[PDB]
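In case you want the letters, here they are:
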Amino acid sequence: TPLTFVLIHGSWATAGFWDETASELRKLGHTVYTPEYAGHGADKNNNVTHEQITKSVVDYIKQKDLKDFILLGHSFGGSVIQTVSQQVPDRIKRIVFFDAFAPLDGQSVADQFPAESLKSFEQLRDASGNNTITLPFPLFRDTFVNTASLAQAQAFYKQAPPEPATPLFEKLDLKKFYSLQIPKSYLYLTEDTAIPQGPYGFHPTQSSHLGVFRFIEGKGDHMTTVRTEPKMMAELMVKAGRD
Amino acid sequence: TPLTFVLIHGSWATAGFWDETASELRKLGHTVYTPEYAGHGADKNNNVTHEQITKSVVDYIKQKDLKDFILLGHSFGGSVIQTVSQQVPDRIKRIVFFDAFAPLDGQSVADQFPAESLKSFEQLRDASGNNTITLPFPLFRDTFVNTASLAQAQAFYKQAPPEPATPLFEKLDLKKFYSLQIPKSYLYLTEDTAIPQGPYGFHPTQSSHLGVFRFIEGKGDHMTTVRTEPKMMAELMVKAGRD
Amino acid sequence: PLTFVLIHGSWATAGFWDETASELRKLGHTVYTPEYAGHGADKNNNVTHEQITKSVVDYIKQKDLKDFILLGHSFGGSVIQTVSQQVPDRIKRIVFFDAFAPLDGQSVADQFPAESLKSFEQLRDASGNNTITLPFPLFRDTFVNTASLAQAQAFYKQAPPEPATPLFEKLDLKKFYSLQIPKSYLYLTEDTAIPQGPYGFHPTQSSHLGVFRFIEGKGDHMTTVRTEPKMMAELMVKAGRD
């Protein structure tokens, strides 16, 4: 039966992250929205806050008056789907975390990282002199697009803009999110190393934050597979999103 | 080489759990027994004990004089293959744990769960007023049959009867099992979340209780895959059961 | 086109790579599979880690190899560590394939669960000639768990007893841990030669590398390089390529 998806990209990404996978979901007959949000894409605001990002997504949903949809977030987008779901819970059928962070109440996204990764991100933020984090291409190539060829890694890095740092480090009040009875799914790709696998990995550590959820597993990494295997990704998003 | 399997279902299930997969094993030339056990199937006994279940399976094995067989258990059935193997060790070629619990000596099946799940099962047992646990459908749909469609999930839920609770909470004496020299295997499906993945999960946590064993991995979940992909499951059970 | 130097582990010879090396060459890559001290033809049950390391360095220098991918399996992960710190100018990338990566001042045996360490010390001592012969049941269910019995019996005959000293020697790896050469870890998800859990190849051994490229495949410790060499060659290119 037809589904409506609202897809929320994460850091070092734009709404164009979803171009190939959103096309394949539409070919299955689903309706797909891929909003851009504050401080990202064409909105230049290196001092953007988590609440400004959240407001930009809630305003997009309200302006289209969307109801009964699957809210899906990737990476830092997991924190966005949590804060958006607190504001429009009546509109959401299911919340899907796709290789996404799920901070606990009183935590930031940065709080999810191992000590060495936290240090690296603070250093990148401070090096910029403009409150942004530019991923080094060697780190990107070997931990974000590990399964890509070099030519693919270089093409995808062109679409990985510097990230405004404030929303990664803000502590979030997620008491409302953790009270919601909306069903949750976690869609995990087994080569995703954007956060190192082990005690801090996306799965089972981040996914376990959701409590009861529907686990769907696939093959891929953080940023290659939505471009290279969009049919398979569309099918996994349906398996995670469907009733 | 042809194999003889004795397949032991787990909780919220009957011998009918094995219908499709047993049929595919028989097409490969294997002999397959799927006994029912005390307080399950048509045998109504809300107060059944682990000893009564174990004796019903031992009596089935003795009455058919079964020997040189692969004793395979799913879920709670792992505890039953342990206690059965204590009484008929000379009859068993290999013991296969398929997404199954393997309590240590002095532990129950319920002891293997995270604290939150254990409390939830105690609450369901108490709410029944008749010593049974009925899985709620949202929990079942999202954590027992997470890879199924909703229509499949509903069909499988209709085949998941309430479970007599005593055997899940009894402490088991398993000293004999842990002294046995019989070869073991663990067959794991990587989307099985009937116990949450993480520190309490089926693999590597439950499987590690076996000590030295043969690990075999497949794709699937707790209760969909034996119905939807029975040929693939039969092949996995041969890979886990063969010499 | 890539150049690979493949380093086998314990209970193996350079012939471990025959099938996978052939498939890599059909993809257009150049592939070297050196033998090392105390393994293959070289009968030396008292060989040391330094002797093994020097035999591989000597091979690389004599052939004047450069700009190559240095890949090790199992105990061979310790060998690519010690080799790479001698010839870092020659190496493009270091690939650990279901391999040990001891930290500085550790041995390979230090990676093992306590009960495995005691067992290996006992097998070494029982030999009377400083070798370790794996018992066939342990081999059959934990090294070639995905093989048939007939395949396991054939592979066991190609698994010679291991000279024990290099497994137990502590390694000076300060230079290896200071290198900026990129690292990859190639992991097969049914590899149980060290049990999965806190002691497993991935994420425990792989975590020792710091930042690395993770590539995952399907297979076990010693079956898959024989039975699925085309797939293993593809994974080695995914792990080794720029």
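Residues numbered from 1 in each chain as written, not as in the entry; some residues may be left out. Chains lettered and ligands numbered in written order. Heavy atoms only, no water.

Method of determination for the deposited model, per the PDB record: X-ray crystallography, at 1.3200 Å resolution.

> Is there a simple way to explain the interface of chain A and chain C in this structure?
The figure often quoted for interface size is the accessible area lost as the parts come together. Taken together, the contact pairs 15 residues of chain A with 14 residues of chain C. Buried surface at the junction of chain A and chain C, both sides included, amounts to about 1100 Å², of which 47% is carbon and sulfur. Inspection of the region where chain A meets chain C yields two salt bridges. For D142 of chain A, the salt bridge goes to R93 of chain C, with nearest N and O atoms at 3.0 Å. If you look at where chain A meets chain C, you find 10 residue pairs in polar contact. (Contact = heavy atoms within 4.5 Å. Buried area = accessible area lost by both parts, 1.4 Å probe. Salt bridge = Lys/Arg side-chain N within 4 Å of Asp/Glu carboxyl O. Polar contact = N/O pair within 3.5 Å; in protein donor to acceptor, adjacent residues only side chain to side chain.)

> Just to check I follow, could you spell out the environment of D18 of chain C for this structure?
All names here are of chain C. Structurally, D18 is set in helix α1 (residues 18-26). The exposure class of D18 is exposed, given its relative accessible area of 52%. Spatially, the C-alpha atoms of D18 and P195 are 27 Å apart, while their sequence positions differ by 177 residues. (Helix = DSSP H or I, 4+ residues; strand = E, 2+ residues; numbered from the N terminus. Buried < 20%, exposed > 50% of the residue type's maximum accessible area, 1.4 Å probe, protein only.)

> Would you explain the interface of chain A and chain B in this entry?
Contact with chain A, which involves 14 residues of that partner, is made by 15 residues of chain B. In total, chain A and chain B occlude about 1100 Å² of area from one another, counting both sides; carbon and sulfur atoms represent 47% of this. Run the count over chain A and chain B and you get two salt bridges. A salt bridge links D142 of chain B to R94 of chain A; its shortest N-O distance comes to 3.1 Å. Where chain A packs against chain B, one counts nine residue pairs in polar contact. Among the secondary structure elements, those contributing two or more residues to the side of chain A that touches chain B are α9 (202-208) and β8 (214-218) of chain A. Counting residues per element, the side of chain A that touches chain B draws most heavily on β8 of chain A, at four residues. Per-class residue counts for the side of chain A that touches chain B are six nonpolar, one polar and seven charged. (Nonpolar A, V, L, I, M, F, W, Y, C, P; charged D, E, K, R; others polar.)

> Explain the pattern of salt bridges here, please?
Two side chains bearing opposite charge may form a pair once their charged atoms approach each other closely. A complete count under the given rule lists 38 salt bridges over all chains for this structure. A salt bridge links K55 of chain B to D59 of chain B, with the nearest nitrogen and oxygen atoms 2.8 Å apart. Within this pair, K55 of chain B and its partner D59 of chain B are both found in helix α2 (residues 50-63), separated by four residues, close to a single helical turn. The partly exposed category is assigned to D59 of chain B, whose relative accessible area is 25%. The residue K66 of chain C makes a salt bridge to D64 of chain C at a minimum N-O spacing of 3.6 Å. Look at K66 of chain C and you get exposed, because its relative accessible area is 51%.

> Any chance you could explain the sheet that holds strand β3 (residues 69-75) of chain A here in plain terms?
The strands that make up a sheet pair up through hydrogen bonds in the backbone, lying either parallel or antiparallel. Residue and element names in this part refer to chain A. Strand order in the open sheet formed by six strands is β2-β1-β3-β4-β7-β8, and the pairing between neighbours is parallel. Across the chains shown, the open sheet's two edge strands, defined by having one partner strand only, are β2 (31-33) and β8. Each neighbouring strand pair of the sheet contributes to a mean axis angle of 20°, computed without reference to strand direction. Pairing analysis gives seven bridges linking β3 to strand β4 (residues 92-100), with the strands arranged parallel. Bridging across to β4, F69 finds its partner in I92. Seen against the sheet, helix α11 (residues 230-241) touches β1 (4-8), β3, β4, β7 (184-189) and β8 and runs at an angle of roughly 170° to β8. (Pairing = 2+ DSSP bridges. Axes fitted to C-alpha atoms, helices over the stretch in contact; angles between N-to-C directions.)

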